[PDB]
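A.B. asks: Protein chains in written order, with the deposited numbering: chain ED, 1 to 430; chain EE, 1 to 439; chain FC, 1 to 39, 47 to 439; chain 1R, 466 to 516; chain 0F, 2 to 92, 104 to 218; chain 4R, 410 to 611. Positions of the beta carbon are idealized from the N, C-alpha and C atoms, including for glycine.
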Amino acid sequence: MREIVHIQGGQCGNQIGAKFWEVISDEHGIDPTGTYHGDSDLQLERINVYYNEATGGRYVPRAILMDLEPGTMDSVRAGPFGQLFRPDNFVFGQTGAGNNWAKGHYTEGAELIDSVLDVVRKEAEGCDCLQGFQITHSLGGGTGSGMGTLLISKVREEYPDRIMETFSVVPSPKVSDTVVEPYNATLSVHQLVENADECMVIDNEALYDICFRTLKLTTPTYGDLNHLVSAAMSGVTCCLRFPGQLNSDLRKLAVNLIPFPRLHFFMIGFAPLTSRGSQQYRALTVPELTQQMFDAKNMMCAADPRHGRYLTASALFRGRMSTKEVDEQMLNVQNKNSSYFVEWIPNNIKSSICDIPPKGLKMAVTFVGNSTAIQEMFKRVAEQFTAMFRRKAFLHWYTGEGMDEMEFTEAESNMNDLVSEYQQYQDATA
Amino acid sequence: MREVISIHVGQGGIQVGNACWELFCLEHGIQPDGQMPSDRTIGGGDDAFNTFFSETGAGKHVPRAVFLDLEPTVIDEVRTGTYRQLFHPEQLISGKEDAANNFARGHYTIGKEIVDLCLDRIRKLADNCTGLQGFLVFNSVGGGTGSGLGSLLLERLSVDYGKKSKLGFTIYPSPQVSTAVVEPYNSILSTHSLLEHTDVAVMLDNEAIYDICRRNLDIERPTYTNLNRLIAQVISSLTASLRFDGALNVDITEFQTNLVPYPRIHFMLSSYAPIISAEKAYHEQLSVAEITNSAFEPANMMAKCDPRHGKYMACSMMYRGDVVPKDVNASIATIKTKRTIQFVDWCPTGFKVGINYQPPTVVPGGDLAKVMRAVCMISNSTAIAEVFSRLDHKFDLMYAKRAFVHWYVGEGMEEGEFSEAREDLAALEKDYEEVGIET
Amino acid sequence: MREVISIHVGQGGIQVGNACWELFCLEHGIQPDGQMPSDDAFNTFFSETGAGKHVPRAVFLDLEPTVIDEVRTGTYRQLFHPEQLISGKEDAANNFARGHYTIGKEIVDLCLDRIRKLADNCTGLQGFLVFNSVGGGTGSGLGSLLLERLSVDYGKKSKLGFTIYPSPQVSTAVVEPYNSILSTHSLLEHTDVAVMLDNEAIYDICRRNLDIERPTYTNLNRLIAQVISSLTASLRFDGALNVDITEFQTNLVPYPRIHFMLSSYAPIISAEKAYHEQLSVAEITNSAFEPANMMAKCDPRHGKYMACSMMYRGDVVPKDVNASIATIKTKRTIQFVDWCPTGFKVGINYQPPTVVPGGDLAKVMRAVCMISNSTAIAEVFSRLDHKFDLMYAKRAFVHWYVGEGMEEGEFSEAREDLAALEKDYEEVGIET
Amino acid sequence: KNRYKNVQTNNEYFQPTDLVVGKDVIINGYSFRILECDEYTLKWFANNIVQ
Amino acid sequence: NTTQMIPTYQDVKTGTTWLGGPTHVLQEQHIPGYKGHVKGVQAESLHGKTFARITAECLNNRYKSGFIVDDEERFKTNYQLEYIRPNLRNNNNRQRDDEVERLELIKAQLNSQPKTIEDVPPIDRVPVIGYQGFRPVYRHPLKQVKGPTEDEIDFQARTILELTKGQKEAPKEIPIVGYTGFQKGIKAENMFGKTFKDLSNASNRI
Amino acid sequence: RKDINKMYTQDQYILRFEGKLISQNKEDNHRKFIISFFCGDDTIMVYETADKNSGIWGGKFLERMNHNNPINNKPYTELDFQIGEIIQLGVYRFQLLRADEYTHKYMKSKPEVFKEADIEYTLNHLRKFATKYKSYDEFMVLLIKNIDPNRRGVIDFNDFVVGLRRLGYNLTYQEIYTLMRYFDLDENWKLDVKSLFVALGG
Ligand SMILES: Nc1nc2c(ncn2[C@@H]2O[C@H](COP(=O)(O)OP(=O)(O)OP(=O)(O)O)[C@@H](O)[C@H]2O)c(=O)[nH]1
Ligand SMILES: Nc1nc2c(ncn2[C@@H]2O[C@H](COP(=O)(O)OP(=O)(O)OP(=O)(O)O)[C@@H](O)[C@H]2O)c(=O)[nH]1
Ligand SMILES: Nc1nc2c(ncn2[C@@H]2O[C@H](COP(=O)(O)OP(=O)(O)O)[C@@H](O)[C@H]2O)c(=O)[nH]1
Ligand SMILES: [Mg+2]
Ligand SMILES: [Mg+2]
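#1: Whole angstroms is fine: what's the gap from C213 (chain FC)'s alpha carbon to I276 (chain FC)'s?
#2: Using a threshold of 7 Å, is the CB atom of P184 (chain EE) nearer than that to any non-hydrogen atom of ligand 1?
#3: Counting pairs of Cβ atoms below 8 Å between the stretch 370-381 of chain FC and the stretch 69-77 of chain FC, do you hit three or more?
#4: For residue 439 (chain ED), which option in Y10 (chain 0F), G67 (chain 0F), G16 (chain 0F), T9 (chain 0F) has the closest C-alpha, if you only look at C-alpha atoms?
#5: Which residues in the same chain as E405 (chain ED) place their Cβ atom closer than 6 Å to its Cβ, once the five residues preceding and following it in sequence are excluded?
#6: Is it right to say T482 (chain 1R) is buried, meaning 16 or more other beta carbons lie within 10 angstroms of its own, or is it exposed?
#7: Going by other Cβ atoms of all chains shown within 10 Å of its Cβ, with 16 needed for buried, is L368 (chain EE) buried or exposed?
#8: Hey, is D39 (chain EE)'s beta-carbon within less than 8 Å of any beta-carbon in chain 4R?
#9: Can you pull the DSSP bridge partners for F92 (chain ED)?
#10: Taking only runs of the beta strand (DSSP E) that begin and end inside the stretch 196-241 of chain ED, which ones reach a length of at least 3 residues, in chain order?
#11: Going along the chain, which unbroken runs of the alpha helix (DSSP H) with 4 or more residues stay wholly within the stretch 145-197 of chain EE?
#12: Mapping the DSSP letters down to three states, classify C213 (chain FC) as helix, strand or coil.
#13: Give, in chain order, every residue of the stretch 68-92 of chain 0F whose Cβ lies closer than 8 Å to some Cβ of chain EE.
#14: Answer yes or no: does any C-beta atom of chain EE fall closer than 8 Å to that of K112 (chain FC)?
#15: Please check if any C-beta of chain 0F sits within less than 8 Å of the C-beta of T285 (chain ED).
#16: Cα-Cα, which of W21 (chain EE), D396 (chain EE), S316 (chain EE) is closest to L425 (chain EE)?
#17: Which word fits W466 (chain 4R), buried or exposed, when buried means at least 16 other C-beta atoms lie within 10 angstroms of its C-beta?
#18: What does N493 (chain 1R) reach in chain ED if we use C-beta pairs closer than 9 Å?
#19: Would you call the CB atoms of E53 (chain ED) and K206 (chain 0F) closer than 8 Å?
#20: What residues from chain 0F crowd round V362 (chain EE), counting only those whose CB sits closer than 8 Å?
#21: Checking contacts by CB at 8 Å: is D345 (chain EE) closer than that to chain FC?
#22: Pop quiz: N226 (chain EE) and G49 (chain 0F) are said to be a contact at Cβ under 8 Å. What is the actual Cβ separation, rounded to whole angstroms?
#23: Among residues of its own chain, excluding the 5 on either side of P80 (chain ED), which ones have a beta-carbon nearer than 7 Å to its beta-carbon?
#24: Using Cβ-Cβ distances below 8 Å, what residues of the stretch 263-291 of chain EE are close to chain 0F?
#25: Under 7 Å Cβ-Cβ, which residues of chain EE neighbour residue 93 (chain 0F)?
#26: Does the beta carbon of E157 (chain ED) fall short of 7 Å from some heavy atom of ligand 5?
#27: Cβ of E113 (chain 0F) within 7 Å of any heavy atom in ligand 4?
#28: Quick one: give me the first and last residue of the beta strand (DSSP E) that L430 (chain 4R) is part of.
#29: Between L238 (chain EE) and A44 (chain 0F), what straight-line distance do the alpha-carbon atoms span, to the nearest angstrom?
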């Protein structure tokens, strides 16, 4: 049964949510009017995971769109499949945060969250057997990073046992578009580590790297970037919606991937990806799927895994394929590249099979891996943050809204402590 | 007048059980909907289906099986399949939350709310039977609910019925290729529970069956469905003597009276022969002399254990088809003479021989061809001590740094349960070297 | 030559008697207008007009017009006698005082008028059947007055009341603990056999057996009608062992104060999975003794059994019945009181249970109706007393009762009677 | 503000001649009916479409 | 695809090949161990169906190809794709056609005697003696009955005869009890007390 | 040597018959039997059914084996197992009363071996006998008058066989059954003489 409600915040979050719901609706054969038009029975088999039913035979997603400015929602509503969303679920402020963490975390988010917490509780209470929650947002903006995290803190108090997923868009150093990236990003992670069950890291720089060189597109837009992200996000919960050889829900991924409670930052990659010109020259077999699984350029993060060692890895196959080939390749890669795998935990790769491939494809790949090479993200964010904080730059805005400069310190140290112990397991030997 | 009750838990249990029952329905002529055909209008003959099926009084038959699981996806597919009309609607028990590869979740938190339903269901199946031989259980030990509920059910079944026989078919994790990452924990913890609660256990390691299909059946890309048909064949030859007339009858009770020298030692590994494809099945005579040589061939072992590394305790094999008792005795004499196969010192005679008349059936859409002769063998050996050694090696590696322990402590299982589980395995091992030494 | 008179008082009474009489009409083959389609046995429940239609031996009592109104506009309007559907103008409004001291006093005269006229025609009257919901105003007060009058007005005639008690936690009204206690005190010394059919148990039974997740009151009344038919089929259909109404209170009532008992019925299987099992007589009794299958929200495993009454109907065999009894006796989790070595009364009838077309149950060739008396029944009285004590401690909802003639100290004596009943039930359950 | 496919014509993009007042039109799986047009367009229609 | 169409009924009876069969006269194989190109093994990642059958698939060009899958064959799981009964050795339930026509027989029978056009007895033209109600004075005393017209009764009767051994089919065929799917609007429109087995029909019939 | 080829290609065909035992004893003049014929290796099994509340210990009567006819000393084949015949298994003689529906399809599906089971051969057999009579037309009227005494239109089996025996024409019990079953319009085993007249000639 195991349904999940969608929670998404900020303009970065909203634009990702718009593409994701389009993909699922097309996957389940839902028209822009919200009426089923499919042909197979299995498309309606497990639709209760995402869609709620109303009178007249129409379906409505159980998503909550949340923001501090009404401009974004008035744009996302008019888009394709934008009439599906129930108008009541839209919640927005009238002032905005202005890329300031304190405005979105102490002043405006605190008073606004009373309304949005009411609607989400109604959504959770309606379903008989809730499975968990998933999040989509960015850490670079105050409204996304501040009121998004404070939402996480409150909801964890009411459902401590339910699973929780978060997609984080951390600011990459090269293509940086705001000056206050290190402040809000550092502070958000401090609250993120204590409450989030899982975290997926997504860098727009990495997405730009993949599209330009793999698909070879001259002029991509954010829609193309949003298309890639939605493909992976659907893959994680795909086999929860379709029968397969080996079932694997959200809880199974968590227990089989994180060895320790404070290590829940991942990196994802989607395969296969091929340009239109090279689309007709490849062959879709398991070796090609698994060879692009672990390839460095395909990761959705700027962190190269060859600078560290994988702790645990997971893979989700979609389609009909022989099980032996799936397991054979996992043992194959885990042997030829023993330098990149930690030694004290043998057989640190997990596999799953889903019988329904994505539309337009025959076989698919969804990879989620916990590697110690992503610490360089926090290491570089730390050095910009201490560059900001040593000279007390842009601080009077933050300290002028009810908080002191002390809270900056322990969040810096807690993130600093995280890096040290996260690096400890890299050189640990048994 | 003799019945056996099949118990299936976990996704591996359901998929294995699914392949077994299509064989049984075809073996006895049962249509998927329950009636024999709609064509035969005589009926009322040769009641042998009572071992597995049960008449409703007029018409259809209902299997004496139960399906247990915690995620409904696998069970729901059964209810929408072509066999929807066969099973009783309320013996396919399905949970709400999966154990998620967690032994503690399937043993202390979720399984308690569903174990009550099964025992009530089992009690209603047992009351119907009059000559119940025993229970069969199928479980994938590497999964959370497979070892979780399996541990709970066997403990409860031990006191509810007492001396009633229970037979176990475990599927142990493969030595080097595995599905999940946390399998050493829930597999090791399972052994402590089932060691003092099962009567007979059989290893059904996956990669060994992968070798058989590739080498013999010539399949380069097999799936779990091809495997499940071989284990279903083993079950057929195992209980064929119960419902089919033969020269020598071997019942269920004849195994826990002939095969386990000591109460602690009841772990065995099986073989099946011949396994040959239709295009090359007819190029050789398939003489009974050579089929029994293939069974003892360690390359065709159904578990990744080499008996040449240890001694043999006892050997039980069942023949079916048109075998001749004197031919069977002739081949056994050669096996004893063979030097590379040795028996333990204190076992001068170590063979149990059963003969059945019904040849193995052939399933359309299957993989094996139909032959006049086949043999299924169950062997007990000291070579089964190595699998616990490698599990101890892997278990100790990540338990030194207490990896994943938080995934078990917070669900109600105290820390000390790992320490006692380790000691029992060490004590269980020490038994195996103690027995294997000569006087 | 044998007759029984049915009394339906209160909305629950009419809504269960509708199902009961529809079931009886279908079982005996009469058309809804009352005219037989040109086809003695039915004389127990009906009465011939000399040539033509038949009149059921029932009288409907209520103080509110609308519920009776549907009876006179439905498909059975032409069946019942016009002036046996007695309806008032103003309601009890869940006030036990109103239905026992103010407005119910002025109708019992005409109730007894109709009762006397019906009984004078009857020549071999066996006993009276009374239906009433306890958690209601006129269901309790008018019922109490009617039983008190009928006891002195008919002497030693047996009276059976199939009351409906409030469920332990699922409830509709808020003052129903108050009027339940007074009604129980009134009926304790005035009824001969009482059966408990609280609503919550039937919901679980339906959801678990009939596979209905959203039931309504129509479903529940059908089960009660089936229970009535199974209980009274021995009066109008021949069988291997026939039992009358009089040979119940001589078997299930160890002491005069102890006449409260609970029922169970089996099988109740939907047609979707009714043909997956043979419904052997050996297994239907196991379902009947299943503690979860009790029609009242009580757990027999918490106390000792006094006596068990069995009704098998269909094509059961006397030998097969006794084997099941022996198996149950040998079973350990079910134990009887020390001073009752023999504790079963068995009845066998030939007529199979009838099936209502377009209904819920399937058709089966075998069925059993179980009536048991056990010491576990003290739990409902204990919880009712607790609920009343929580309320009466600071005198809530008392002005709605005291102003209609009810004396202030009347609650205390009802509490004393309940305490005495609890004391009796505990002292019976001790071993000598 | 985007380019939309037209189901009514071989999944092609919309053209100015497609929008005809008084006749229904389909956009993104929705059905519209045109009641009247701004007379600025009417001047545009008369000057460019008449051939 | 070879597993169900080869040994056809014509070939199995009075023919060379049995169920197992050395089916090499009928089609083309490559005798297990063979080194060479097959045009369909590595490209399509064919699984199961041992090498003898794999080559027979590619040689006889039943086959499939392409990255894009045309909907219908995309949505098949491994379970029902393989466990599709026994097929070819010798040549389902009749239910769900009887159940629907028992249901319609009750409906047709119920509508058969509605007392149309003054066929009511002299009694019951006016309501029962003590009726309560209102009884408006300025209204026709005797009740008015319309009742169904003749062709509607005949309309139902035609389908009853037509459904039995006719062109109409069983409605949808349904799962049994514990199937946890959507069930197409059981919750949207209440449909509370209709016996889930029966509830499946009404919701699925629409 | 054993015939493997016959075992492979004819293992599935199993012929099931119902029979009654013919013996001196009045003890067993009523109890019924079911006879199974495995044509894979010409193996015959006889089962004894038991009614409820009968007091007889039903079960397997003769286990499956292969045994030959005593008169001609030849093994039994499927040709000899035709309905209506008397088969002697050792010291027991069984009369085959009725056959299973699948068995009837099997015999009819395979001609040129079960000649009596093919309808056009039976009609040709009956029609060819009209050579001894003077004219074809008088043959028909003689037949119908002999078969039907009161010309009712639908007759029973006993009336049908006794009339044919009265005429003196030797029909085996199999062919008589073949014609009787075919001309049953609503499947109640009453011959339709009018269709028989049309089939012979109109
Ligand atoms: N031989 C064989 N093993 C199987 C099969 N299915 C699952 N397994 C084994 O089961 C293990 C994982 O458990 P599953 O059976 O997939 O699921 P489960 O037993 O219910 O455990 P959970 O996933 O936690 O619910 C894998 O490592 C497989 O080795 C099968 O069909 N055949
Ligand atoms: N089993 C069953 N119980 C019913 C039904 N209708 C009402 N009840 C019970 O009756 C109780 C309340 O009494 P009512 O039936 O409403 O009517 P009453 O007993 O005459 O009381 P008043 O309404 O005050 O006149 C409720 O608590 C219900 O439990 C029914 O249809 N079936
Ligand atoms: N993948 C993706 N990232 C986006 C999109 N729009 C914005 N971003 C990222 O979001 C960051 C800024 O987010 P921001 O506007 O502050 O969101 P806010 O917190 O709601 O104000 C930038 O670094 C962008 O890279 C989008 O459509 N897709
Ligand atoms: Mg599982
Ligand atoms: Mg009332």
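C.D. replies: So, to answer that:
#1: Taking the third sequence and counting its residues from 1, one reaches residue 213 (chain FC) at position 206. Taking the third sequence and counting its residues from 1, one reaches residue 276 (chain FC) at position 269. Distance between the alpha carbons of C213 (chain FC) and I276 (chain FC): 9 Å.
#2: By one-based count along the second sequence, residue 184 (chain EE) stands at place 184. Not so, every heavy atom of ligand 1 lies at least 7 Å from the Cβ.
#3: Segments in contact, no.
#4: Residue 439 (chain ED) lies beyond the stretch modelled for chain ED, which goes from 1 to 430, so this question has no answer here.
#5: For the purposes of this step, residue 405 (chain ED) is taken as the residue at position 405 of the first sequence. Excluding sequence neighbours, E405 (chain ED) sits near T399.
#6: Residue numbering aside, residue 482 (chain 1R) sits at position 17 when the fourth sequence is read from its first letter. The residue is exposed, with fewer than 16 neighbouring Cβ atoms inside 10 Å.
#7: Along the second sequence, one-based indexing puts residue 368 (chain EE) at 368. Classification for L368 (chain EE): buried.
#8: Counted from its first residue, the second sequence places residue 39 (chain EE) at position 39. Yes - at least one Cβ of chain 4R is within 8 Å of the one on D39 (chain EE).
#9: Walking along the first sequence from the start, residue 92 (chain ED) turns up at place 92. According to DSSP, which records beta bridges pairwise, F92 (chain ED) is partnered with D67 (chain ED).
#10: 198-201
#11: Taken in chain order, the unbroken stretches of alpha helix (DSSP H) that lie wholly in the stretch 145-197 of chain EE and span 4 residues or more are 183-195.
#12: Here residue 213 (chain FC) is taken as the residue at index 206 of the third sequence, counted from 1. Residue state, collapsed to three classes: helix.
#13: Taken in chain order, the members of the stretch 68-92 of chain 0F whose beta-carbon sits within less than 8 Å of a beta-carbon on chain EE are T78, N79, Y80, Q81, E83, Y84, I85, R86, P87, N88, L89, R90.
#14: As a working mapping, residue 112 (chain FC) is identified with position 105 in the third sequence. So no, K112 (chain FC) is outside the interface.
#15: Numbered from its first residue, the first sequence carries residue 285 (chain ED) at position 285. Closer than 8 Å to some Cβ of chain 0F, the Cβ of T285 (chain ED) qualifies, so yes.
#16: By 1-based counting over the second sequence, the position of residue 425 (chain EE) is 425. Of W21 (chain EE), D396 (chain EE), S316 (chain EE), the residue nearest in Cα terms is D396 (chain EE).
#17: Mapped onto the sixth sequence, residue 466 (chain 4R) falls at position 57. It counts as exposed.
#18: Working through the fourth sequence from its first residue, we reach residue 493 (chain 1R) at position 28. In chain order: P32, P80.
#19: Translated into the one-based positions of the first sequence, residue 53 (chain ED) becomes position 53. Translated into the one-based positions of the fifth sequence, residue 206 (chain 0F) becomes position 194. Not in contact: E53 (chain ED) and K206 (chain 0F) (Cβ atoms no closer than 8 Å).
#20: By 1-based counting over the second sequence, the position of residue 362 (chain EE) is 362. Result: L20, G21.
#21: If you number the second sequence from 1, residue 345 (chain EE) lands on position 345. False, the Cβ-Cβ gap to chain FC never drops below 8 Å.
#22: The residue given as residue 226 (chain EE) occupies position 226 in the second sequence. The residue given as residue 49 (chain 0F) occupies position 48 in the fifth sequence. That pair is a contact at about 6 Å.
#23: Reading the first sequence from its first residue, position 80 is the one you call residue 80 (chain ED). Here the set comprises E22, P32.
#24: So the close ones are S277, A278, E279, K280, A281, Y282.
#25: The structure shown gives no position for residue 93 (chain 0F): in chain 0F, residue numbering passes from 92 to 104 with nothing in between.
#26: As a working note, residue 157 (chain ED) is residue 157 in the first sequence. Checking every heavy atom of ligand 5 against the Cβ of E157 (chain ED), none is found closer than 7 Å.
#27: Walking along the fifth sequence from the start, residue 113 (chain 0F) turns up at place 101. Judged by the Cβ position, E113 (chain 0F) fails to qualify as a neighbour of ligand 4 at the 7 Å threshold, every heavy atom of the ligand being at least this far.
#28: The residue you call residue 430 (chain 4R) lines up with position 21 of the sixth sequence. Run containing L430 (chain 4R): 423-431, per the beta strand (DSSP E) assignment.
#29: Within the second sequence, residue 238 (chain EE) is the residue found at index 238, counting from 1. Within the fifth sequence, residue 44 (chain 0F) is the residue found at index 43, counting from 1. One C-alpha to the other measures close to 41 Å.
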